[PDB]
Amino acid sequence: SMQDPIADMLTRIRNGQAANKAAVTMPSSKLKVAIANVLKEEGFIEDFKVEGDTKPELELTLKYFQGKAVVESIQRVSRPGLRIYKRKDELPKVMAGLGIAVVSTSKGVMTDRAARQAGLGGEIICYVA
Amino acid sequence: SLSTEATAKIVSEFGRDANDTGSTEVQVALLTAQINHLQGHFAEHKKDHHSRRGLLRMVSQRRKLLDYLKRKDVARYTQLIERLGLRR
Amino acid sequence: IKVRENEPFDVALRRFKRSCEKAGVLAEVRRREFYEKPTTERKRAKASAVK
Amino acid sequence: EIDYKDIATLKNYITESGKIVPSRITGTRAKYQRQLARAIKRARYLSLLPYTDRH
Amino acid sequence: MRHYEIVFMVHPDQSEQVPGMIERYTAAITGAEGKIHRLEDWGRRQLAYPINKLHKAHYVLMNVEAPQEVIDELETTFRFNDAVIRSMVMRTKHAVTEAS
RNA sequence: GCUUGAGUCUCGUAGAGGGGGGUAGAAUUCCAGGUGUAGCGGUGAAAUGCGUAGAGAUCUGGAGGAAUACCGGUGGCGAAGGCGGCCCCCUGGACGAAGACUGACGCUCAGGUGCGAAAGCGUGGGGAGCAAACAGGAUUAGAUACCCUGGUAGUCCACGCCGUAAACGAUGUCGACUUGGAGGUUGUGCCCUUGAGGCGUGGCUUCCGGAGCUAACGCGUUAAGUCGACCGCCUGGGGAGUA
Ligand SMILES: [Mg+2]
Ligand SMILES: [Mg+2]
Ligand SMILES: [Mg+2]
Ligand SMILES: [Mg+2]
Ligand SMILES: [Mg+2]
Ligand SMILES: [Mg+2]
Ligand SMILES: [Mg+2]
Ligand SMILES: [Mg+2]
Ligand SMILES: [Mg+2]
Ligand SMILES: [Mg+2]
Ligand SMILES: [Mg+2]
Ligand SMILES: [Mg+2]
Ligand SMILES: [Mg+2]
Ligand SMILES: [Mg+2]
C-alpha cells in the first residue's frame with residue numbers, strides 16, 4: 001500500500017507547502033536523497049537532511065518566496081502502474097523551459113536540462129515548476 | 001481461545017526457545033491447533049456463521065504463512081506439514 | 001401511580017399520572033406497531049434535541 | 001452498580017413504579033448506567049426488587 | 001477454574017432441607033478440589049412480589065470456585081428439585097468475601 | 001540481510017457480535033369459577049359483531065404462544081445483511097498497556113467460494129397477537145379501496161430451498177499527507193487520588209466549520225481535499241435489466 005514512495009514525497013511536499021509549512025519529514029532512501037538533491041540544487045527547497053541510522057529519515061526545508069510557495073506544482077509522471085521512459089531527443093521540457101523534470105538516467109538522477117547535456121535518456125520520475 | 005498453557009506448550013514445541021513466539025513454524029502450529037479444536041465447535045451448532053468467518057480467516061492466514069515458508073526453507077516446510085499432519 | 005393522600009384535601013393531586021403512564025407508553029402502544037420508523041421518529045427527537 | 005445485592009444503593013435508581021430511571025435524571029455516567037441496569041434486572045429476577053408497583 | 005456467585009431460594013416448608021443441601025452442594029464442589037469462598041444462609045426473607053404464590057422464602061448466597069462441570073450438575077439438580085423455586089449462577093471474576 | 005509495513009506472544013477492557021440450553025415478569029387471547037347486571041364493542045357517524053345459555057365491567061385459579069416496557073442514548077457490536085429481558089455453556093472479531101519473537105510473510109483481486117433483510121417455496125411441527133387472500137358492515141357517482149366486524153396463508157421452531165431490497169453514506173478496498181472548535185463513546189500514563197477531579201496519550205463516534213474541492217447542494221483529518229495500488233462500473237431518453 002506504501003507502494004509508491006516517490007509520490008508520497010512529491011505529495012508530502014505539495015501538501016506541507018499548501019499548508020505554508022516550513023519543515024517536512026519522511027522515511028528516506030537513496031532514491032529520495034538523489035531527488036532532494038536536484039530539488040535543492042535546482043533550488044525549489046532550502047536544503048535537506050537525513051537524521052538516523054537504523055531507520056533513516058529525510059527532512060526537507062521548504063522555500064517560500066513572496067506570500068506564495070516556490071513549488072507551484074509537483075507531480076508524479078512515472079509510477080508503478082505505468083512506467084515512463086523517454087530517450088534523449090524525446091525528453092520533456094516543463095513550462096517551456098521554466099521549471100524542470102527530474103529524470104533518472106544510467107548516470108544518476110538529473111534534470112532534463114542536465115540529461116539533455118549528458119546526451120542520454122532515462123525514466124522521467126516527475127515534473128516540478 | 002486456546003489456553004495460555006497449551007499455546008505456550010506449542011511455542012515450546014515448534015520454535016527455538018519460548019519467546020521465539022512469532023516463528024513461522026510456530027504460528028502455523030498455533031493456528032493448526034485452534035483450527036482442529038474448532039472443528040468440534042462447528043460440529044455442534046453449524047449455524048454459527050459468524051464465528052466461522054474467524055475460522056476461515058484462521059486458515060487463510062496459515063495457508064499464506066505456509067506458502068511463505070515454502071519459498072524460504074522448503075525443508076522447514078516439509079518437516080512442518082508432516083509434523084502437524086496436513087496436505088495429505 | 002398510587003396516591004395515599006390522607007386527611008385534608010379533596011383535590012385529586014395526582015399529577016403523578018403526567019409523569020409516566022397515560023398518553024406516555026399508552027399512546028405509544030395504542031396503534032401502528034412501528035418496527036423501524038421509530039428509528040426515524042427518534043432521529044428527530046435528537047435532530048431536534050441537539051438545539 | 002457494584003452489585004445487585006445492594007438493594008440499598010439500588011433503591012434510589014428506580015421510581016415508585018419500579019421503573020429504572022433514565023441517566024439524564026440521575027446524572028449517572030454511561031458505563032455504570034449499564035452496570036446499574038444489569039444489576040437492577042438481577043435484583044428483579046431474585047425477587048429482591050419489584051418489576052411493578054402492582055406488588 | 002472458574003468462580004461463580006450462585007444463589008438459590010428454597011420453598012419455606014422445605015426450609016429444614018436447606019442445611020442438608022448446603023452440606024451436599026459443598027461436598028459436591030470440594031469433592032472435585034474446588035474452593036468455597038463465601039457462604040451465607042440468609043434464611044427466610046420476604047419477597048418483593050409473590051412468586052409461585054406464597055410470600056417470603058429461604059435464601060442462600062454462596063460464592064465458589066469449581067470446574068464448568070459440577071456447575072452444570074448443580075444447575076440441573078436445581079430443576080430436578082421442586083423445593084428450590086429459583087436459582088441463578090452468575091459472573092465470576094475472582095472470588096469474593098463478606099459483602100451483602 | 002534490515003524493522004518501520006504485516007504477523008505471532010503476555011495481560012486486560014468494553015460490547016443487542018455469533019451458536020446452543022435454561023429462565024423471568026407484564027400484557028394480550030383463551031378455559032374454569034366468585035360477584036355483578038343490560039349492555040358491551042366500534043365509528044367521523046354507523047352498521048355487521050358480541051351479551052339474559054349473563055356479556056362487558058371486577059376478583060381469583062389455570063392454559064398457551066409471541067415479543068421483551070423502564071434502562072435506551074445522533075449509545076454500543078458485526079464484513080454486509082443485521083444484532084435489545086435475565087442467566088450459563090461454546091465461540092468470532094475489535095481495542096489498549098509493556099516489552100519479546102517473526103523479518104516484507106504485504107495491498108488489491110477477473111474467475112471461484114462463502115455469507116446474505118422481508119416476502120416467497122418443500123416437510124413436520126407450532127399458532128396468543130397481528131394480517132395478504134377471502135367474508136360481512138360502511139363511505140361513495142361508483143369504492144374490487146382507504147374505515148369497521150371477522151379472518152386463512154404467513155408471521156413462530158427444526159431442517160432444507162430461494163439470493164433479491166432505496167441490500168444507501170444512493171460514496172469499493174488499502175495506504176500516506178493536509179488549519180480548527182464543541183460533544184458522545186471506550187482503553188490507558190501521570191497528579192497533595194486529599195473533588196464529584198488536573199493535565200496528557202490511543203480506538204470509535206456525533207455536530208459545526210478552514211483551506212481546498214463541487215454544476216450547485218454540499219463534502220471538509222470518519223473528504224466529495226492532496227496523492228498512489230488494485231478492482232467493479234458508466235457512455236442520450238424510451239425499448240430493457242427486456243428477447
Ligand atoms: Mg523501491
Ligand atoms: Mg398471564
Ligand atoms: Mg385471570
Ligand atoms: Mg472474545
Ligand atoms: Mg447462502
Ligand atoms: Mg424468512
Ligand atoms: Mg413454511
Ligand atoms: Mg381488517
Ligand atoms: Mg440489484
Ligand atoms: Mg443507510
Ligand atoms: Mg476537529
Ligand atoms: Mg461539515
Ligand atoms: Mg480518496
Ligand atoms: Mg431476466
# chains A, B, ... in the order shown; residues from 1 in each chain; ligands from 1
$ residues_around --residues "segment 21-30 of chain C" --least-positions-apart "3" --cutoff "9 Å" --atoms "only C-alpha atoms (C1' of nucleotides)" --output "PDB file with N, CA and C atoms (P, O5', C5', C4', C3', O3' and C1' of nucleotides), in the first residue's frame"
ATOM      1  N   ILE C   1     -48.648   6.694  40.227  1.00  0.00           N
ATOM      2  CA  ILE C   1     -49.493   5.529  40.018  1.00  0.00           C
ATOM      3  C   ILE C   1     -50.390   5.340  41.225  1.00  0.00           C
ATOM      4  N   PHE C  16     -48.993  12.811  39.228  1.00  0.00           N
ATOM      5  CA  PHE C  16     -48.071  11.708  39.053  1.00  0.00           C
ATOM      6  C   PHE C  16     -48.394  10.967  37.757  1.00  0.00           C
ATOM      7  N   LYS C  17     -49.650  11.042  37.326  1.00  0.00           N
ATOM      8  CA  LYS C  17     -50.066  10.362  36.101  1.00  0.00           C
ATOM      9  C   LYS C  17     -49.487  11.032  34.871  1.00  0.00           C
ATOM     10  N   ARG C  18     -49.135  12.304  35.006  1.00  0.00           N
ATOM     11  CA  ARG C  18     -48.468  13.010  33.927  1.00  0.00           C
ATOM     12  C   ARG C  18     -46.955  12.898  34.127  1.00  0.00           C
ATOM     13  N   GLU C  33     -47.934  -0.549  15.467  1.00  0.00           N
ATOM     14  CA  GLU C  33     -46.743  -1.375  15.513  1.00  0.00           C
ATOM     15  C   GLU C  33     -45.412  -0.576  15.434  1.00  0.00           C
TER      16      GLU C  33
ATOM     17  P     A F  69     -37.632  -4.068  26.377  1.00  0.00           P
ATOM     18  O5'   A F  69     -38.780  -3.121  26.950  1.00  0.00           O
ATOM     19  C5'   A F  69     -39.589  -2.345  26.080  1.00  0.00           C
ATOM     20  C4'   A F  69     -40.613  -1.555  26.852  1.00  0.00           C
ATOM     21  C3'   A F  69     -40.076  -0.409  27.702  1.00  0.00           C
ATOM     22  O3'   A F  69     -39.885   0.782  26.955  1.00  0.00           O
ATOM     23  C1'   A F  69     -41.599  -1.715  28.974  1.00  0.00           C
TER      24        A F  69
END
$ interface_residues --of "chain F" --to "chain A" --cutoff "12 Å" --atoms "only C-alpha atoms (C1' of nucleotides)" --output "list in words"
residues 2, 3, 4, 5, 6, 104, 106, 107, 108, 173, 174, 175, 176, 177, 178, 179, 210, 211, 212, 225, 226, 227, 228, 229 and 230 of chain F
$ residues_around --residues "segment 11-24 of chain B" --least-positions-apart "3" --cutoff "12 Å" --atoms "only C-alpha atoms (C1' of nucleotides)" --output "PDB file with N, CA, C and O atoms (P, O5', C5', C4', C3', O3' and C1' of nucleotides), in the first residue's frame"
ATOM      1  N   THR B   4      -3.487 -20.427  27.542  1.00  0.00           N
ATOM      2  CA  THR B   4      -2.108 -19.999  27.734  1.00  0.00           C
ATOM      3  C   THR B   4      -1.230 -21.223  27.881  1.00  0.00           C
ATOM      4  O   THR B   4      -0.155 -21.318  27.281  1.00  0.00           O
ATOM      5  N   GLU B   5      -1.704 -22.156  28.698  1.00  0.00           N
ATOM      6  CA  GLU B   5      -0.996 -23.395  28.954  1.00  0.00           C
ATOM      7  C   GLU B   5      -0.639 -24.084  27.633  1.00  0.00           C
ATOM      8  O   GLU B   5       0.536 -24.328  27.343  1.00  0.00           O
ATOM      9  N   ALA B   6      -1.653 -24.373  26.825  1.00  0.00           N
ATOM     10  CA  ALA B   6      -1.443 -25.087  25.568  1.00  0.00           C
ATOM     11  C   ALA B   6      -0.680 -24.230  24.569  1.00  0.00           C
ATOM     12  O   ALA B   6       0.271 -24.695  23.943  1.00  0.00           O
ATOM     13  N   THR B   7      -1.105 -22.982  24.418  1.00  0.00           N
ATOM     14  CA  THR B   7      -0.485 -22.076  23.461  1.00  0.00           C
ATOM     15  C   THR B   7       1.012 -22.020  23.692  1.00  0.00           C
ATOM     16  O   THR B   7       1.803 -22.086  22.750  1.00  0.00           O
ATOM     17  N   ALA B   8       1.393 -21.902  24.959  1.00  0.00           N
ATOM     18  CA  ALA B   8       2.795 -21.846  25.332  1.00  0.00           C
ATOM     19  C   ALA B   8       3.489 -23.147  24.942  1.00  0.00           C
ATOM     20  O   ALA B   8       4.561 -23.136  24.328  1.00  0.00           O
ATOM     21  N   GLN B  27       3.576 -20.145  14.376  1.00  0.00           N
ATOM     22  CA  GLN B  27       2.251 -19.595  14.128  1.00  0.00           C
ATOM     23  C   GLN B  27       1.400 -20.671  13.465  1.00  0.00           C
ATOM     24  O   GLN B  27       0.291 -20.978  13.908  1.00  0.00           O
ATOM     25  N   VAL B  28       1.949 -21.252  12.406  1.00  0.00           N
ATOM     26  CA  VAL B  28       1.283 -22.314  11.678  1.00  0.00           C
ATOM     27  C   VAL B  28       0.768 -23.399  12.617  1.00  0.00           C
ATOM     28  O   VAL B  28      -0.334 -23.919  12.434  1.00  0.00           O
ATOM     29  N   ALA B  29       1.560 -23.740  13.625  1.00  0.00           N
ATOM     30  CA  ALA B  29       1.181 -24.790  14.565  1.00  0.00           C
ATOM     31  C   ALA B  29       0.170 -24.263  15.578  1.00  0.00           C
ATOM     32  O   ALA B  29      -0.675 -25.006  16.079  1.00  0.00           O
ATOM     33  N   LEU B  30       0.271 -22.977  15.882  1.00  0.00           N
ATOM     34  CA  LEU B  30      -0.625 -22.356  16.842  1.00  0.00           C
ATOM     35  C   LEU B  30      -2.008 -22.249  16.237  1.00  0.00           C
ATOM     36  O   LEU B  30      -3.017 -22.484  16.908  1.00  0.00           O
ATOM     37  N   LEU B  31      -2.044 -21.889  14.960  1.00  0.00           N
ATOM     38  CA  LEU B  31      -3.287 -21.832  14.212  1.00  0.00           C
ATOM     39  C   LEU B  31      -3.853 -23.242  14.066  1.00  0.00           C
ATOM     40  O   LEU B  31      -4.957 -23.546  14.538  1.00  0.00           O
ATOM     41  N   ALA B  33      -3.564 -25.754  15.658  1.00  0.00           N
ATOM     42  CA  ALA B  33      -4.093 -26.264  16.910  1.00  0.00           C
ATOM     43  C   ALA B  33      -5.507 -25.755  17.176  1.00  0.00           C
ATOM     44  O   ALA B  33      -6.380 -26.524  17.585  1.00  0.00           O
ATOM     45  N   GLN B  61      -4.877 -17.342   6.749  1.00  0.00           N
ATOM     46  CA  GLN B  61      -3.608 -16.956   7.338  1.00  0.00           C
ATOM     47  C   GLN B  61      -2.598 -18.089   7.184  1.00  0.00           C
ATOM     48  O   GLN B  61      -1.660 -17.993   6.388  1.00  0.00           O
ATOM     49  N   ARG B  62      -2.805 -19.171   7.930  1.00  0.00           N
ATOM     50  CA  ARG B  62      -1.896 -20.310   7.894  1.00  0.00           C
ATOM     51  C   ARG B  62      -1.477 -20.606   6.458  1.00  0.00           C
ATOM     52  O   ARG B  62      -0.289 -20.656   6.148  1.00  0.00           O
ATOM     53  N   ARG B  63      -2.460 -20.790   5.583  1.00  0.00           N
ATOM     54  CA  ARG B  63      -2.195 -21.023   4.166  1.00  0.00           C
ATOM     55  C   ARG B  63      -1.176 -20.024   3.618  1.00  0.00           C
ATOM     56  O   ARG B  63      -0.234 -20.405   2.922  1.00  0.00           O
ATOM     57  N   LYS B  64      -1.372 -18.746   3.922  1.00  0.00           N
ATOM     58  CA  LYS B  64      -0.468 -17.716   3.432  1.00  0.00           C
ATOM     59  C   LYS B  64       0.909 -17.900   4.048  1.00  0.00           C
ATOM     60  O   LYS B  64       1.920 -17.876   3.345  1.00  0.00           O
ATOM     61  N   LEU B  65       0.936 -18.094   5.365  1.00  0.00           N
ATOM     62  CA  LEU B  65       2.188 -18.234   6.099  1.00  0.00           C
ATOM     63  C   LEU B  65       2.925 -19.494   5.666  1.00  0.00           C
ATOM     64  O   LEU B  65       4.154 -19.515   5.608  1.00  0.00           O
ATOM     65  N   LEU B  66       2.168 -20.541   5.349  1.00  0.00           N
ATOM     66  CA  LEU B  66       2.759 -21.809   4.939  1.00  0.00           C
ATOM     67  C   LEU B  66       3.405 -21.690   3.569  1.00  0.00           C
ATOM     68  O   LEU B  66       4.429 -22.320   3.305  1.00  0.00           O
ATOM     69  N   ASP B  67       2.811 -20.875   2.705  1.00  0.00           N
ATOM     70  CA  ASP B  67       3.356 -20.653   1.370  1.00  0.00           C
ATOM     71  C   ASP B  67       4.652 -19.850   1.445  1.00  0.00           C
ATOM     72  O   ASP B  67       5.591 -20.090   0.684  1.00  0.00           O
ATOM     73  N   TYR B  68       4.693 -18.894   2.365  1.00  0.00           N
ATOM     74  CA  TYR B  68       5.889 -18.089   2.576  1.00  0.00           C
ATOM     75  C   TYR B  68       7.062 -18.974   2.977  1.00  0.00           C
ATOM     76  O   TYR B  68       8.125 -18.922   2.357  1.00  0.00           O
ATOM     77  N   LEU B  69       6.861 -19.795   4.004  1.00  0.00           N
ATOM     78  CA  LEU B  69       7.906 -20.697   4.470  1.00  0.00           C
ATOM     79  C   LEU B  69       8.432 -21.541   3.311  1.00  0.00           C
ATOM     80  O   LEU B  69       9.640 -21.619   3.090  1.00  0.00           O
ATOM     81  N   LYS B  70       7.527 -22.162   2.563  1.00  0.00           N
ATOM     82  CA  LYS B  70       7.931 -22.980   1.426  1.00  0.00           C
ATOM     83  C   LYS B  70       8.956 -22.230   0.578  1.00  0.00           C
ATOM     84  O   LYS B  70      10.014 -22.766   0.261  1.00  0.00           O
ATOM     85  N   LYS B  72      10.861 -19.844   1.405  1.00  0.00           N
ATOM     86  CA  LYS B  72      12.088 -19.721   2.179  1.00  0.00           C
ATOM     87  C   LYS B  72      12.794 -21.078   2.255  1.00  0.00           C
ATOM     88  O   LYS B  72      13.595 -21.424   1.380  1.00  0.00           O
ATOM     89  N   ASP B  73      12.470 -21.856   3.284  1.00  0.00           N
ATOM     90  CA  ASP B  73      13.175 -23.098   3.566  1.00  0.00           C
ATOM     91  C   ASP B  73      12.247 -24.299   3.411  1.00  0.00           C
ATOM     92  O   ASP B  73      11.655 -24.776   4.384  1.00  0.00           O
ATOM     93  N   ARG B  76      12.205 -26.665   6.236  1.00  0.00           N
ATOM     94  CA  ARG B  76      11.407 -26.288   7.392  1.00  0.00           C
ATOM     95  C   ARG B  76       9.936 -26.477   7.062  1.00  0.00           C
ATOM     96  O   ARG B  76       9.118 -26.742   7.943  1.00  0.00           O
ATOM     97  N   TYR B  77       9.611 -26.348   5.779  1.00  0.00           N
ATOM     98  CA  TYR B  77       8.244 -26.536   5.311  1.00  0.00           C
ATOM     99  C   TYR B  77       7.831 -28.002   5.405  1.00  0.00           C
ATOM    100  O   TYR B  77       6.930 -28.351   6.169  1.00  0.00           O
ATOM    101  N   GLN B  79       9.142 -30.596   6.842  1.00  0.00           N
ATOM    102  CA  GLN B  79       9.148 -31.021   8.239  1.00  0.00           C
ATOM    103  C   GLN B  79       7.834 -30.640   8.889  1.00  0.00           C
ATOM    104  O   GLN B  79       7.226 -31.438   9.602  1.00  0.00           O
ATOM    105  N   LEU B  80       7.402 -29.411   8.621  1.00  0.00           N
ATOM    106  CA  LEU B  80       6.274 -28.812   9.325  1.00  0.00           C
ATOM    107  C   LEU B  80       4.954 -29.529   9.072  1.00  0.00           C
ATOM    108  O   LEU B  80       4.251 -29.883  10.021  1.00  0.00           O
ATOM    109  N   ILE B  81       4.612 -29.747   7.806  1.00  0.00           N
ATOM    110  CA  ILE B  81       3.311 -30.337   7.491  1.00  0.00           C
ATOM    111  C   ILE B  81       3.244 -31.822   7.841  1.00  0.00           C
ATOM    112  O   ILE B  81       2.186 -32.316   8.226  1.00  0.00           O
ATOM    113  N   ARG B  83       4.755 -32.831  10.472  1.00  0.00           N
ATOM    114  CA  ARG B  83       4.654 -32.729  11.917  1.00  0.00           C
ATOM    115  C   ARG B  83       3.248 -32.391  12.391  1.00  0.00           C
ATOM    116  O   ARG B  83       2.757 -32.989  13.349  1.00  0.00           O
ATOM    117  N   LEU B  84       2.604 -31.433  11.733  1.00  0.00           N
ATOM    118  CA  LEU B  84       1.221 -31.099  12.062  1.00  0.00           C
ATOM    119  C   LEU B  84       0.249 -32.123  11.481  1.00  0.00           C
ATOM    120  O   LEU B  84      -0.672 -32.575  12.166  1.00  0.00           O
TER     121      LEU B  84
ATOM    122  P     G F   7      -1.567  -7.353  10.754  1.00  0.00           P
ATOM    123  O5'   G F   7      -1.090  -8.855  10.602  1.00  0.00           O
ATOM    124  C5'   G F   7      -1.148  -9.741  11.700  1.00  0.00           C
ATOM    125  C4'   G F   7      -0.215 -10.899  11.489  1.00  0.00           C
ATOM    126  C3'   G F   7       0.203 -11.629  12.749  1.00  0.00           C
ATOM    127  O3'   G F   7      -0.754 -12.583  13.162  1.00  0.00           O
ATOM    128  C1'   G F   7       2.120 -11.078  11.520  1.00  0.00           C
ATOM    129  P     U F   8      -1.649 -12.319  14.471  1.00  0.00           P
ATOM    130  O5'   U F   8      -1.001 -13.293  15.545  1.00  0.00           O
ATOM    131  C5'   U F   8      -0.603 -14.597  15.155  1.00  0.00           C
ATOM    132  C4'   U F   8       0.696 -15.001  15.795  1.00  0.00           C
ATOM    133  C3'   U F   8       0.778 -14.818  17.297  1.00  0.00           C
ATOM    134  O3'   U F   8       0.100 -15.833  18.015  1.00  0.00           O
ATOM    135  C1'   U F   8       2.759 -14.009  16.305  1.00  0.00           C
ATOM    136  P     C F   9      -0.979 -15.446  19.140  1.00  0.00           P
ATOM    137  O5'   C F   9      -0.097 -15.318  20.453  1.00  0.00           O
ATOM    138  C5'   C F   9       0.884 -16.300  20.742  1.00  0.00           C
ATOM    139  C4'   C F   9       1.885 -15.805  21.754  1.00  0.00           C
ATOM    140  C3'   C F   9       1.310 -15.125  22.981  1.00  0.00           C
ATOM    141  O3'   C F   9       0.811 -16.042  23.937  1.00  0.00           O
ATOM    142  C1'   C F   9       3.118 -13.857  22.155  1.00  0.00           C
ATOM    143  P     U F  10      -0.532 -15.703  24.749  1.00  0.00           P
ATOM    144  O5'   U F  10      -0.036 -14.727  25.897  1.00  0.00           O
ATOM    145  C5'   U F  10       0.909 -15.169  26.853  1.00  0.00           C
ATOM    146  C4'   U F  10       1.283 -14.060  27.794  1.00  0.00           C
ATOM    147  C3'   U F  10       0.119 -13.383  28.485  1.00  0.00           C
ATOM    148  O3'   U F  10      -0.363 -14.141  29.578  1.00  0.00           O
ATOM    149  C1'   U F  10       1.607 -11.743  27.664  1.00  0.00           C
ATOM    150  P     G F  99       8.324  -0.674  26.404  1.00  0.00           P
ATOM    151  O5'   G F  99       9.183  -1.653  25.491  1.00  0.00           O
ATOM    152  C5'   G F  99      10.304  -2.330  26.025  1.00  0.00           C
ATOM    153  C4'   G F  99       9.964  -3.745  26.415  1.00  0.00           C
ATOM    154  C3'   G F  99      10.335  -4.815  25.409  1.00  0.00           C
ATOM    155  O3'   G F  99      11.708  -5.134  25.449  1.00  0.00           O
ATOM    156  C1'   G F  99       8.157  -5.223  26.227  1.00  0.00           C
ATOM    157  P     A F 100      12.490  -5.446  24.086  1.00  0.00           P
ATOM    158  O5'   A F 100      12.059  -6.940  23.749  1.00  0.00           O
ATOM    159  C5'   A F 100      12.241  -7.972  24.706  1.00  0.00           C
ATOM    160  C4'   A F 100      11.677  -9.283  24.221  1.00  0.00           C
ATOM    161  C3'   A F 100      11.880  -9.597  22.749  1.00  0.00           C
ATOM    162  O3'   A F 100      13.171 -10.103  22.480  1.00  0.00           O
ATOM    163  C1'   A F 100       9.648 -10.075  23.370  1.00  0.00           C
ATOM    164  P     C F 101      13.627 -10.400  20.972  1.00  0.00           P
ATOM    165  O5'   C F 101      12.615 -11.531  20.505  1.00  0.00           O
ATOM    166  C5'   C F 101      13.059 -12.626  19.724  1.00  0.00           C
ATOM    167  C4'   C F 101      11.900 -13.473  19.273  1.00  0.00           C
ATOM    168  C3'   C F 101      11.667 -13.503  17.778  1.00  0.00           C
ATOM    169  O3'   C F 101      12.517 -14.425  17.126  1.00  0.00           O
ATOM    170  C1'   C F 101       9.619 -13.093  18.882  1.00  0.00           C
ATOM    171  P     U F 102      13.419 -13.941  15.890  1.00  0.00           P
ATOM    172  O5'   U F 102      12.449 -14.114  14.640  1.00  0.00           O
ATOM    173  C5'   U F 102      11.610 -15.255  14.529  1.00  0.00           C
ATOM    174  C4'   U F 102      10.520 -15.048  13.511  1.00  0.00           C
ATOM    175  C3'   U F 102      10.940 -14.330  12.243  1.00  0.00           C
ATOM    176  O3'   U F 102      11.573 -15.204  11.332  1.00  0.00           O
ATOM    177  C1'   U F 102       8.874 -13.455  13.026  1.00  0.00           C
ATOM    178  P     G F 103      13.005 -14.832  10.712  1.00  0.00           P
ATOM    179  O5'   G F 103      12.680 -13.629   9.721  1.00  0.00           O
ATOM    180  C5'   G F 103      11.813 -13.812   8.610  1.00  0.00           C
ATOM    181  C4'   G F 103      11.310 -12.495   8.098  1.00  0.00           C
ATOM    182  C3'   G F 103      12.357 -11.657   7.369  1.00  0.00           C
ATOM    183  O3'   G F 103      11.724 -10.874   6.359  1.00  0.00           O
ATOM    184  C1'   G F 103      11.601 -10.478   9.258  1.00  0.00           C
ATOM    185  P     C F 105       7.444 -10.825   0.584  1.00  0.00           P
ATOM    186  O5'   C F 105       6.676 -11.842   1.539  1.00  0.00           O
ATOM    187  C5'   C F 105       5.421 -11.492   2.099  1.00  0.00           C
ATOM    188  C4'   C F 105       4.899 -12.556   3.032  1.00  0.00           C
ATOM    189  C3'   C F 105       3.679 -12.154   3.850  1.00  0.00           C
ATOM    190  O3'   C F 105       2.472 -12.411   3.156  1.00  0.00           O
ATOM    191  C1'   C F 105       5.329 -13.148   5.262  1.00  0.00           C
TER     192        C F 105
END
$ residues_around --residues "segment 127-138 of chain F" --least-positions-apart "4" --cutoff "7 Å" --atoms "only C-alpha atoms (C1' of nucleotides)" --output "VMD selection string"
chain F and resid 28 to 29 47 to 48 64 to 66 148 to 149
$ residues_around --residues "residue 47 of chain E" --least-positions-apart "6" --cutoff "12 Å" --atoms "only C-alpha atoms (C1' of nucleotides)" --output "compact mmCIF listing (two decimals) with N, CA, C and O atoms, in the first residue's frame"
# COMPACT_ATOMS: atom_id res chain seq x y z
N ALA D 43 -31.54 -8.03 40.48
CA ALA D 43 -32.33 -7.85 41.70
C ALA D 43 -33.78 -8.24 41.46
O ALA D 43 -34.40 -8.90 42.29
N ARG D 44 -34.32 -7.83 40.31
CA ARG D 44 -35.72 -8.09 39.98
C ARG D 44 -35.99 -9.59 39.89
O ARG D 44 -36.98 -10.09 40.43
N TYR D 45 -35.10 -10.31 39.22
CA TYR D 45 -35.28 -11.74 39.00
C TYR D 45 -35.20 -12.55 40.29
O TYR D 45 -35.84 -13.59 40.41
N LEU D 46 -34.40 -12.08 41.24
CA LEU D 46 -34.26 -12.78 42.52
C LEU D 46 -35.23 -12.24 43.55
O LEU D 46 -34.94 -12.21 44.75
N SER D 47 -36.40 -11.82 43.08
CA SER D 47 -37.44 -11.24 43.92
C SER D 47 -36.87 -10.30 44.98
O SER D 47 -37.42 -10.19 46.09
N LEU D 48 -35.78 -9.62 44.64
CA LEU D 48 -35.13 -8.67 45.53
C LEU D 48 -35.60 -7.25 45.27
O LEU D 48 -35.19 -6.32 45.96
N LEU D 49 -36.44 -7.10 44.26
CA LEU D 49 -36.96 -5.79 43.87
C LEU D 49 -38.11 -6.01 42.91
O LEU D 49 -38.03 -6.86 42.03
N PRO D 50 -39.20 -5.24 43.08
CA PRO D 50 -40.34 -5.47 42.19
C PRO D 50 -40.07 -5.00 40.77
O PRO D 50 -39.25 -4.10 40.55
N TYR D 51 -40.75 -5.61 39.80
CA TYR D 51 -40.77 -5.10 38.44
C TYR D 51 -41.83 -4.01 38.40
O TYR D 51 -41.88 -3.18 37.49
N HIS D 55 -47.17 -4.95 42.86
CA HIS D 55 -46.85 -5.74 44.04
C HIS D 55 -45.95 -4.94 44.98
O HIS D 55 -46.30 -4.67 46.13
N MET E 9 -33.19 -20.06 46.06
CA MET E 9 -34.21 -19.82 47.08
C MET E 9 -35.12 -21.02 47.27
O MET E 9 -35.85 -21.42 46.38
N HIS E 11 -38.13 -23.27 49.03
CA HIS E 11 -39.50 -23.15 49.50
C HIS E 11 -39.56 -23.24 51.02
O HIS E 11 -38.97 -24.15 51.60
N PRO E 12 -40.26 -22.30 51.66
CA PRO E 12 -40.40 -22.26 53.12
C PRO E 12 -40.58 -23.64 53.77
O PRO E 12 -39.70 -24.07 54.52
N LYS E 53 -47.10 -18.12 44.07
CA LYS E 53 -47.95 -17.81 45.20
C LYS E 53 -47.01 -17.83 46.38
O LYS E 53 -45.83 -18.10 46.22
N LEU E 54 -47.51 -17.54 47.58
CA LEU E 54 -46.65 -17.63 48.76
C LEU E 54 -45.62 -16.49 48.75
O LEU E 54 -45.04 -16.16 47.72
N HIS E 55 -45.45 -15.86 49.91
CA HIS E 55 -44.52 -14.74 50.06
C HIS E 55 -43.44 -15.17 51.04
O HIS E 55 -43.64 -16.11 51.81
N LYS E 56 -42.29 -14.50 51.01
CA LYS E 56 -41.14 -14.91 51.81
C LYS E 56 -40.56 -16.22 51.27
O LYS E 56 -41.25 -17.01 50.64
N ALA E 57 -39.27 -16.45 51.53
CA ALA E 57 -38.59 -17.65 51.05
C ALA E 57 -37.14 -17.70 51.54
O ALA E 57 -36.51 -16.67 51.78
N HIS E 58 -36.62 -18.92 51.68
CA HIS E 58 -35.31 -19.16 52.28
C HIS E 58 -34.17 -18.97 51.28
O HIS E 58 -34.07 -19.73 50.32
N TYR E 59 -33.32 -17.98 51.51
CA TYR E 59 -32.24 -17.64 50.58
C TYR E 59 -30.90 -18.26 50.96
O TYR E 59 -30.67 -18.59 52.12
$ residues_around --residues "residue 50 of chain B" --least-positions-apart "2" --cutoff "10 Å" --atoms "only C-alpha atoms (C1' of nucleotides)" --output "JSON, numbers by chain"
{"B": [47, 48, 52, 53, 54, 55], "F": [17, 18, 19, 78, 79, 91, 92, 93, 115]}
